[PDB]
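So this first bit is one chain, no partners, the form deposited in one PDB entry, shown in C-alpha coordinates.
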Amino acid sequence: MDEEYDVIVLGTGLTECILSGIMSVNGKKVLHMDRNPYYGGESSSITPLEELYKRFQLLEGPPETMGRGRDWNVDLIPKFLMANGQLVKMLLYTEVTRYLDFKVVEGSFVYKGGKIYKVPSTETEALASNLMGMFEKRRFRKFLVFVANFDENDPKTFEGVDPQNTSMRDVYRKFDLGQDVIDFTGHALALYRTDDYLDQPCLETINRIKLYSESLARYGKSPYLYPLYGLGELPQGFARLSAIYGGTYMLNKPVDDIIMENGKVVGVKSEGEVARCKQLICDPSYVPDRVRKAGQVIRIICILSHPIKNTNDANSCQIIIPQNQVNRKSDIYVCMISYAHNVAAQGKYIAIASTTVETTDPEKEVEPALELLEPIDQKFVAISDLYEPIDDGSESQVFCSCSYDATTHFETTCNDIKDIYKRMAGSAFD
(Lines give C-alpha, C1' and ligand atoms only; values in the text may rest on other atoms or scores of the structure.)
Protein backbone atom coordinates (compact mmCIF):
# COMPACT_ATOMS: atom_id res chain seq x y z
CA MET A 1 0.00 0.00 0.00
CA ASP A 2 0.82 3.68 -0.49
CA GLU A 3 1.78 5.75 2.53
CA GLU A 4 -1.47 7.76 2.66
CA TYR A 5 -5.08 7.80 1.38
CA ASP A 6 -8.06 10.09 1.95
CA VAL A 7 -10.43 7.23 2.85
CA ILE A 8 -10.00 3.50 3.52
CA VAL A 9 -13.02 1.14 3.16
CA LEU A 10 -13.21 -2.31 4.81
CA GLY A 11 -15.59 -4.86 3.26
CA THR A 12 -17.11 -5.16 -0.20
CA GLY A 13 -20.83 -5.39 0.70
CA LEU A 14 -23.37 -3.25 -1.24
CA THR A 15 -23.32 -0.23 1.16
CA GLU A 16 -19.51 0.00 1.21
CA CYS A 17 -19.10 -0.31 -2.59
CA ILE A 18 -21.68 2.42 -3.22
CA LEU A 19 -20.17 4.81 -0.67
CA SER A 20 -16.68 4.06 -2.08
CA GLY A 21 -17.77 4.98 -5.62
CA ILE A 22 -19.37 8.25 -4.52
CA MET A 23 -16.11 9.21 -2.77
CA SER A 24 -13.95 8.49 -5.84
CA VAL A 25 -16.34 10.45 -8.07
CA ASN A 26 -16.07 13.31 -5.58
CA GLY A 27 -12.30 13.49 -6.08
CA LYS A 28 -11.04 11.46 -3.08
CA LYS A 29 -8.03 9.07 -3.04
CA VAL A 30 -9.45 5.74 -1.80
CA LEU A 31 -8.15 2.32 -0.73
CA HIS A 32 -10.77 -0.46 -0.57
CA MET A 33 -9.90 -3.75 1.20
CA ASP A 34 -11.63 -7.04 2.14
CA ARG A 35 -10.28 -9.97 4.18
CA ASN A 36 -12.37 -12.44 2.17
CA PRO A 37 -11.23 -14.15 -1.03
CA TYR A 38 -14.44 -12.93 -2.76
CA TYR A 39 -16.68 -9.87 -3.26
CA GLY A 40 -19.92 -9.10 -1.43
CA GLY A 41 -19.42 -9.58 2.31
CA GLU A 42 -22.70 -10.88 3.76
CA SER A 43 -24.45 -9.84 0.55
CA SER A 44 -22.43 -12.17 -1.69
CA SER A 45 -23.43 -14.21 -4.77
CA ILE A 46 -22.69 -17.96 -5.15
CA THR A 47 -21.58 -18.32 -8.79
CA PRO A 48 -21.50 -22.11 -9.40
CA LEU A 49 -24.43 -24.28 -8.18
CA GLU A 50 -21.98 -26.91 -6.79
CA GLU A 51 -20.61 -24.38 -4.30
CA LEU A 52 -24.06 -23.57 -2.81
CA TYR A 53 -24.59 -27.22 -1.92
CA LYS A 54 -21.10 -27.14 -0.34
CA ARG A 55 -21.62 -23.98 1.67
CA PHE A 56 -24.70 -25.65 3.16
CA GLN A 57 -22.92 -28.89 4.13
CA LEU A 58 -24.84 -31.09 1.67
CA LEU A 59 -22.36 -33.72 0.44
CA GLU A 60 -24.73 -34.90 -2.29
CA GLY A 61 -23.97 -32.52 -5.14
CA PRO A 62 -26.62 -30.96 -7.40
CA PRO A 63 -28.89 -33.58 -9.04
CA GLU A 64 -29.01 -34.16 -12.79
CA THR A 65 -32.33 -32.31 -13.02
CA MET A 66 -30.92 -28.91 -11.90
CA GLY A 67 -29.22 -28.34 -15.26
CA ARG A 68 -25.87 -26.60 -15.88
CA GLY A 69 -24.23 -25.45 -12.61
CA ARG A 70 -22.37 -22.52 -14.26
CA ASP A 71 -25.72 -20.96 -15.27
CA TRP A 72 -26.66 -20.27 -11.61
CA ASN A 73 -25.80 -17.04 -9.73
CA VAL A 74 -27.44 -17.20 -6.31
CA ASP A 75 -27.56 -13.94 -4.33
CA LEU A 76 -27.68 -14.64 -0.59
CA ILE A 77 -29.49 -11.40 0.19
CA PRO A 78 -31.66 -10.54 -2.88
CA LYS A 79 -33.37 -7.12 -3.02
CA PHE A 80 -35.19 -5.15 -5.75
CA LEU A 81 -34.84 -1.49 -6.73
CA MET A 82 -37.76 0.97 -7.05
CA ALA A 83 -37.28 2.44 -10.57
CA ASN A 84 -37.53 6.09 -9.58
CA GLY A 85 -36.08 5.49 -6.12
CA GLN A 86 -33.10 7.32 -4.61
CA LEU A 87 -30.69 4.38 -4.82
CA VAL A 88 -31.01 4.36 -8.63
CA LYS A 89 -30.14 8.05 -8.63
CA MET A 90 -27.01 7.31 -6.58
CA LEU A 91 -26.04 4.71 -9.22
CA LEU A 92 -26.60 7.31 -11.98
CA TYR A 93 -24.44 9.87 -10.17
CA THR A 94 -21.41 7.55 -10.09
CA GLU A 95 -22.20 6.19 -13.56
CA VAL A 96 -21.79 2.51 -12.68
CA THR A 97 -25.03 2.16 -14.64
CA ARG A 98 -22.69 2.08 -17.65
CA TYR A 99 -21.88 -1.50 -16.62
CA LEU A 100 -25.28 -2.89 -15.55
CA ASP A 101 -28.22 -4.30 -17.48
CA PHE A 102 -31.58 -3.88 -15.72
CA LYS A 103 -34.71 -5.94 -16.40
CA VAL A 104 -38.15 -5.12 -14.88
CA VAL A 105 -39.71 -7.47 -12.30
CA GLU A 106 -42.89 -8.96 -13.79
CA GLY A 107 -45.31 -8.77 -10.87
CA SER A 108 -46.00 -7.33 -7.42
CA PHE A 109 -48.35 -9.23 -5.08
CA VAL A 110 -49.78 -9.13 -1.55
CA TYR A 111 -51.23 -11.76 0.80
CA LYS A 112 -54.74 -11.29 2.22
CA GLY A 113 -56.90 -13.97 3.83
CA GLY A 114 -54.82 -16.94 2.70
CA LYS A 115 -54.46 -16.00 -0.95
CA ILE A 116 -52.20 -13.67 -2.97
CA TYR A 117 -53.49 -10.79 -5.12
CA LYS A 118 -51.98 -8.24 -7.48
CA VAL A 119 -51.25 -4.84 -5.92
CA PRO A 120 -53.55 -2.18 -7.56
CA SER A 121 -52.03 1.27 -7.96
CA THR A 122 -54.15 2.79 -10.71
CA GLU A 123 -57.88 3.52 -10.95
CA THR A 124 -58.26 0.89 -13.68
CA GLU A 125 -56.60 -1.81 -11.56
CA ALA A 126 -58.54 -0.81 -8.48
CA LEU A 127 -61.81 -1.45 -10.33
CA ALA A 128 -60.48 -4.86 -11.46
CA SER A 129 -59.04 -6.05 -8.15
CA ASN A 130 -60.41 -9.22 -6.46
CA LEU A 131 -59.05 -7.86 -3.17
CA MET A 132 -62.12 -5.75 -2.38
CA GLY A 133 -65.91 -5.94 -2.65
CA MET A 134 -68.11 -3.93 -5.04
CA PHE A 135 -68.59 -0.87 -2.81
CA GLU A 136 -65.19 -0.72 -1.08
CA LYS A 137 -63.46 -0.91 -4.50
CA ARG A 138 -65.21 2.30 -5.50
CA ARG A 139 -64.09 4.04 -2.34
CA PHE A 140 -60.54 2.81 -3.01
CA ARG A 141 -60.79 4.22 -6.53
CA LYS A 142 -61.63 7.64 -5.04
CA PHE A 143 -58.64 7.38 -2.70
CA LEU A 144 -56.18 6.82 -5.54
CA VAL A 145 -57.56 9.72 -7.59
CA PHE A 146 -57.09 11.95 -4.54
CA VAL A 147 -53.43 10.81 -4.25
CA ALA A 148 -52.99 11.22 -8.03
CA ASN A 149 -54.21 14.83 -8.01
CA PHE A 150 -52.57 15.99 -4.79
CA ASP A 151 -50.16 18.90 -5.31
CA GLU A 152 -48.62 20.35 -2.16
CA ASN A 153 -48.27 23.73 -3.94
CA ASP A 154 -52.00 24.06 -4.60
CA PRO A 155 -54.25 24.16 -1.48
CA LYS A 156 -57.34 23.35 -3.60
CA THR A 157 -56.07 19.81 -4.35
CA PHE A 158 -56.05 19.05 -0.65
CA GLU A 159 -59.56 18.11 0.34
CA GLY A 160 -59.89 20.06 3.50
CA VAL A 161 -56.87 18.11 4.82
CA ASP A 162 -53.84 19.87 6.30
CA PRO A 163 -50.84 17.92 4.86
CA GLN A 164 -48.69 18.90 7.85
CA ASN A 165 -51.13 17.99 10.65
CA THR A 166 -53.88 15.58 9.53
CA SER A 167 -52.83 12.00 10.33
CA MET A 168 -53.04 9.19 7.79
CA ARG A 169 -55.58 7.47 10.07
CA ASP A 170 -57.96 10.39 9.48
CA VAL A 171 -57.35 10.11 5.74
CA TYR A 172 -58.23 6.42 5.77
CA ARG A 173 -61.40 7.32 7.71
CA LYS A 174 -62.36 10.10 5.27
CA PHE A 175 -62.61 7.42 2.57
CA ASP A 176 -63.95 4.77 4.94
CA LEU A 177 -61.29 2.15 4.11
CA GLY A 178 -61.32 -0.99 6.27
CA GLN A 179 -58.47 -2.75 8.11
CA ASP A 180 -57.70 -5.19 5.24
CA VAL A 181 -57.27 -2.39 2.70
CA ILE A 182 -55.08 -0.48 5.19
CA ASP A 183 -52.83 -3.56 5.62
CA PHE A 184 -52.05 -3.80 1.94
CA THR A 185 -51.89 -0.02 1.27
CA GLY A 186 -49.48 0.82 4.08
CA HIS A 187 -47.36 -2.26 3.54
CA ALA A 188 -47.37 -3.04 -0.20
CA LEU A 189 -47.87 0.43 -1.62
CA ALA A 190 -46.33 2.95 0.76
CA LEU A 191 -43.87 0.19 1.76
CA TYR A 192 -43.80 0.80 5.52
CA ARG A 193 -42.57 -2.01 7.81
CA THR A 194 -44.71 -0.90 10.78
CA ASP A 195 -47.99 0.95 11.44
CA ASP A 196 -46.37 3.97 13.13
CA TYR A 197 -47.23 6.09 10.10
CA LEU A 198 -50.93 5.91 11.04
CA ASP A 199 -50.40 8.52 13.76
CA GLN A 200 -48.13 10.84 11.73
CA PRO A 201 -48.86 13.69 9.22
CA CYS A 202 -50.28 12.34 5.96
CA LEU A 203 -47.93 14.13 3.49
CA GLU A 204 -45.10 11.55 3.56
CA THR A 205 -47.43 8.61 2.93
CA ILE A 206 -49.05 10.49 0.02
CA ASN A 207 -45.63 10.98 -1.65
CA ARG A 208 -44.66 7.35 -1.10
CA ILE A 209 -47.74 6.00 -2.86
CA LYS A 210 -47.10 8.55 -5.64
CA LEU A 211 -43.59 7.13 -6.13
CA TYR A 212 -44.96 3.61 -6.60
CA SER A 213 -47.44 4.79 -9.23
CA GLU A 214 -44.87 6.90 -11.10
CA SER A 215 -42.28 4.07 -11.16
CA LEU A 216 -44.88 2.33 -13.37
CA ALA A 217 -43.10 0.82 -16.44
CA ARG A 218 -45.46 -0.07 -19.34
CA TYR A 219 -47.44 -3.30 -19.97
CA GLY A 220 -48.61 -3.05 -16.35
CA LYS A 221 -45.62 -4.98 -15.00
CA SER A 222 -44.29 -3.51 -11.71
CA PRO A 223 -42.21 -0.57 -10.38
CA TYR A 224 -39.21 -2.82 -9.50
CA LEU A 225 -35.86 -3.40 -11.25
CA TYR A 226 -33.32 -6.26 -10.84
CA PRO A 227 -29.93 -6.58 -12.63
CA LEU A 228 -29.35 -9.30 -15.18
CA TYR A 229 -26.95 -11.89 -13.64
CA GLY A 230 -27.91 -10.68 -10.15
CA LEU A 231 -26.57 -8.37 -7.49
CA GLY A 232 -23.03 -9.75 -7.89
CA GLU A 233 -22.70 -7.38 -10.81
CA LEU A 234 -22.56 -4.34 -8.50
CA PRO A 235 -19.22 -5.11 -6.70
CA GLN A 236 -17.79 -5.89 -10.15
CA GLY A 237 -18.95 -2.66 -11.74
CA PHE A 238 -17.66 -0.51 -8.89
CA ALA A 239 -14.22 -2.15 -8.87
CA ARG A 240 -14.03 -1.20 -12.57
CA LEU A 241 -15.09 2.36 -11.68
CA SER A 242 -12.32 2.78 -9.10
CA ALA A 243 -9.70 1.81 -11.69
CA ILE A 244 -10.77 4.77 -13.85
CA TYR A 245 -10.04 7.13 -10.96
CA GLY A 246 -6.85 5.38 -9.88
CA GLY A 247 -8.46 3.86 -6.82
CA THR A 248 -7.34 0.55 -5.31
CA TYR A 249 -9.40 -2.58 -4.52
CA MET A 250 -7.71 -5.45 -2.67
CA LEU A 251 -9.14 -8.87 -1.90
CA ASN A 252 -7.86 -11.53 0.52
CA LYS A 253 -6.11 -8.86 2.62
CA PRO A 254 -6.56 -9.29 6.41
CA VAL A 255 -6.70 -6.30 8.72
CA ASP A 256 -4.53 -6.63 11.83
CA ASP A 257 -5.51 -3.48 13.69
CA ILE A 258 -7.28 -0.17 13.25
CA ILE A 259 -4.70 2.34 14.45
CA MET A 260 -6.03 5.26 16.49
CA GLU A 261 -5.44 6.52 19.98
CA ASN A 262 -6.18 9.91 21.54
CA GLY A 263 -8.68 11.85 19.46
CA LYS A 264 -9.63 8.50 17.93
CA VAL A 265 -9.34 9.33 14.22
CA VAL A 266 -7.47 6.50 12.38
CA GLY A 267 -4.95 4.45 10.32
CA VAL A 268 -4.82 0.76 9.21
CA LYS A 269 -2.22 -2.05 9.62
CA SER A 270 -2.27 -5.05 7.25
CA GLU A 271 0.49 -7.71 7.06
CA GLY A 272 2.86 -5.47 8.98
CA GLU A 273 2.29 -2.44 6.70
CA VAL A 274 0.52 0.68 7.93
CA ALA A 275 -1.47 3.10 5.72
CA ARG A 276 -2.73 6.50 6.89
CA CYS A 277 -6.26 7.86 6.16
CA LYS A 278 -8.48 10.74 7.32
CA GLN A 279 -11.77 8.78 7.47
CA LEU A 280 -12.69 5.07 7.59
CA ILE A 281 -15.80 3.19 6.37
CA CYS A 282 -16.54 -0.44 7.37
CA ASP A 283 -19.17 -3.08 8.04
CA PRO A 284 -19.85 -4.40 11.61
CA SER A 285 -17.62 -7.48 11.46
CA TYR A 286 -14.50 -5.22 11.53
CA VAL A 287 -15.41 -3.37 14.77
CA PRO A 288 -17.14 -5.81 17.18
CA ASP A 289 -16.70 -3.42 20.10
CA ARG A 290 -18.48 -0.48 18.43
CA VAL A 291 -21.68 -2.34 17.60
CA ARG A 292 -24.82 -3.79 19.32
CA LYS A 293 -27.01 -6.73 18.29
CA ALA A 294 -30.37 -5.59 16.89
CA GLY A 295 -31.91 -9.05 16.32
CA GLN A 296 -31.94 -11.94 13.82
CA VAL A 297 -33.39 -12.69 10.38
CA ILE A 298 -34.16 -16.09 8.82
CA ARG A 299 -33.86 -16.57 5.11
CA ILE A 300 -34.82 -19.73 3.31
CA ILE A 301 -33.74 -20.15 -0.31
CA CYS A 302 -36.03 -22.46 -2.25
CA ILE A 303 -35.35 -24.02 -5.66
CA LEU A 304 -38.50 -24.59 -7.73
CA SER A 305 -39.22 -26.11 -11.11
CA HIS A 306 -42.52 -24.21 -11.56
CA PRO A 307 -43.71 -20.56 -11.33
CA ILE A 308 -45.60 -19.61 -8.16
CA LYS A 309 -49.31 -20.42 -8.54
CA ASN A 310 -51.82 -17.52 -8.59
CA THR A 311 -49.36 -15.29 -10.37
CA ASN A 312 -49.97 -15.06 -14.13
CA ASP A 313 -46.98 -17.40 -14.67
CA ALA A 314 -44.69 -14.51 -13.71
CA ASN A 315 -40.97 -15.01 -14.36
CA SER A 316 -40.10 -12.82 -11.34
CA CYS A 317 -42.11 -11.26 -8.52
CA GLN A 318 -42.33 -9.50 -5.19
CA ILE A 319 -44.78 -10.83 -2.58
CA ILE A 320 -45.48 -9.07 0.72
CA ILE A 321 -47.33 -10.58 3.69
CA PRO A 322 -48.36 -7.89 6.20
CA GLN A 323 -47.77 -8.90 9.83
CA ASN A 324 -51.42 -8.41 10.64
CA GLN A 325 -52.65 -11.08 8.21
CA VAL A 326 -50.66 -13.78 10.05
CA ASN A 327 -50.68 -12.61 13.66
CA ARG A 328 -47.08 -11.39 13.88
CA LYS A 329 -45.13 -8.27 14.77
CA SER A 330 -43.03 -8.29 11.56
CA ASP A 331 -43.80 -8.87 7.87
CA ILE A 332 -42.77 -11.86 5.76
CA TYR A 333 -41.31 -11.17 2.29
CA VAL A 334 -40.88 -13.45 -0.73
CA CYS A 335 -39.06 -12.42 -3.90
CA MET A 336 -38.49 -14.66 -6.87
CA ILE A 337 -36.21 -14.51 -9.92
CA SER A 338 -35.39 -17.17 -12.43
CA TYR A 339 -33.64 -18.01 -15.67
CA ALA A 340 -35.29 -14.87 -17.09
CA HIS A 341 -32.84 -12.68 -15.18
CA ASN A 342 -30.06 -15.22 -15.99
CA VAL A 343 -29.53 -16.36 -12.41
CA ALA A 344 -30.89 -19.88 -12.79
CA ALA A 345 -30.71 -22.71 -15.31
CA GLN A 346 -33.37 -22.96 -18.03
CA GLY A 347 -36.76 -23.73 -16.50
CA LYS A 348 -35.74 -23.14 -12.87
CA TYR A 349 -36.92 -20.55 -10.34
CA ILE A 350 -35.37 -19.23 -7.14
CA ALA A 351 -37.66 -18.03 -4.34
CA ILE A 352 -36.31 -16.52 -1.15
CA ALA A 353 -38.54 -16.16 1.96
CA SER A 354 -37.43 -13.90 4.84
CA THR A 355 -38.55 -12.34 8.14
CA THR A 356 -37.26 -11.20 11.56
CA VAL A 357 -37.04 -14.03 14.12
CA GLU A 358 -39.63 -13.75 16.92
CA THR A 359 -39.91 -17.26 18.32
CA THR A 360 -37.72 -20.18 19.39
CA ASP A 361 -38.55 -22.06 16.22
CA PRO A 362 -37.57 -19.68 13.39
CA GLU A 363 -38.25 -22.24 10.63
CA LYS A 364 -41.91 -22.59 11.67
CA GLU A 365 -42.41 -18.83 11.44
CA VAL A 366 -41.94 -19.01 7.64
CA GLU A 367 -44.58 -21.70 7.00
CA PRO A 368 -47.17 -19.16 5.69
CA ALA A 369 -44.82 -18.23 2.82
CA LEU A 370 -43.45 -21.71 2.05
CA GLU A 371 -47.01 -22.98 1.62
CA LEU A 372 -47.38 -20.60 -1.31
CA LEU A 373 -44.48 -22.34 -3.08
CA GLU A 374 -45.11 -25.88 -1.86
CA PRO A 375 -43.71 -28.35 -4.36
CA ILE A 376 -40.19 -27.28 -3.42
CA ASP A 377 -37.22 -29.08 -5.00
CA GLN A 378 -34.57 -28.10 -2.44
CA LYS A 379 -34.40 -25.86 0.66
CA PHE A 380 -31.33 -23.97 2.10
CA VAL A 381 -31.87 -22.38 5.56
CA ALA A 382 -29.81 -19.40 6.77
CA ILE A 383 -30.03 -17.39 10.02
CA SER A 384 -28.12 -14.08 10.48
CA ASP A 385 -27.54 -11.70 13.41
CA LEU A 386 -28.19 -7.98 12.83
CA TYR A 387 -25.82 -5.30 14.13
CA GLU A 388 -26.00 -1.52 14.36
CA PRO A 389 -23.28 0.97 15.35
CA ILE A 390 -22.88 2.44 18.83
CA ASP A 391 -20.57 5.12 17.44
CA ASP A 392 -21.83 7.67 14.89
CA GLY A 393 -18.43 8.67 13.59
CA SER A 394 -18.40 12.21 14.96
CA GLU A 395 -15.08 12.54 16.78
CA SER A 396 -13.82 9.03 15.88
CA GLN A 397 -14.17 9.31 12.09
CA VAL A 398 -15.01 5.60 11.91
CA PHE A 399 -18.24 5.17 9.93
CA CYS A 400 -19.81 1.72 10.33
CA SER A 401 -22.82 0.46 8.38
CA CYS A 402 -25.86 -1.55 9.54
CA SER A 403 -26.61 -5.18 8.75
CA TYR A 404 -29.15 -5.84 5.97
CA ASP A 405 -32.71 -6.33 7.24
CA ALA A 406 -35.34 -8.84 6.03
CA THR A 407 -37.01 -6.49 3.49
CA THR A 408 -36.85 -7.40 -0.22
CA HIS A 409 -36.25 -3.85 -1.57
CA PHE A 410 -33.59 -1.12 -1.12
CA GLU A 411 -35.37 1.51 1.01
CA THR A 412 -33.58 0.89 4.35
CA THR A 413 -30.20 0.25 2.68
CA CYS A 414 -30.50 3.62 0.90
CA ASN A 415 -31.40 5.32 4.21
CA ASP A 416 -28.19 3.99 5.80
CA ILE A 417 -25.98 5.15 2.92
CA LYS A 418 -27.47 8.68 3.20
CA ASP A 419 -27.05 8.82 6.96
CA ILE A 420 -23.37 7.78 6.72
CA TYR A 421 -22.69 10.27 3.90
CA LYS A 422 -24.19 13.02 6.06
CA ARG A 423 -22.02 12.13 9.06
CA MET A 424 -18.93 12.02 6.80
CA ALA A 425 -19.31 15.14 4.63
CA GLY A 426 -21.37 17.06 7.16
CA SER A 427 -24.14 17.88 4.67
CA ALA A 428 -26.89 15.95 2.89
CA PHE A 429 -26.35 14.10 -0.37
CA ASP A 430 -27.62 16.54 -2.95
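Basically, rigid core = biggest C-alpha set you can superpose within 1.5 Å across the two forms. Position 1 is the first residue in the sequence shown; the rest follow in order.
From this point on, the text means the form deposited in another entry, which you will not see here.
Subject >> Sole member of 246, 288, 220, 178 with a C-alpha shift of at least 2 Å between this form and the one not shown (core-superposed) >> reply: So the residue whose C-alpha moves 2 Å or more is 220.
Worksheet item: Taking the shown form as reference, are the C-alpha positions of residue 71 and residue 217 brought closer or pushed farther apart in the other entry, with a change of 3 Å or more?
Response: Distance between the C-alphas of residue 71 and residue 217: longer in the other entry, by 3 Å or more.
_Relative Cα spacing, residue 217 and residue 122, in the other entry - shift of 3 Å or more_ = Result: closer.
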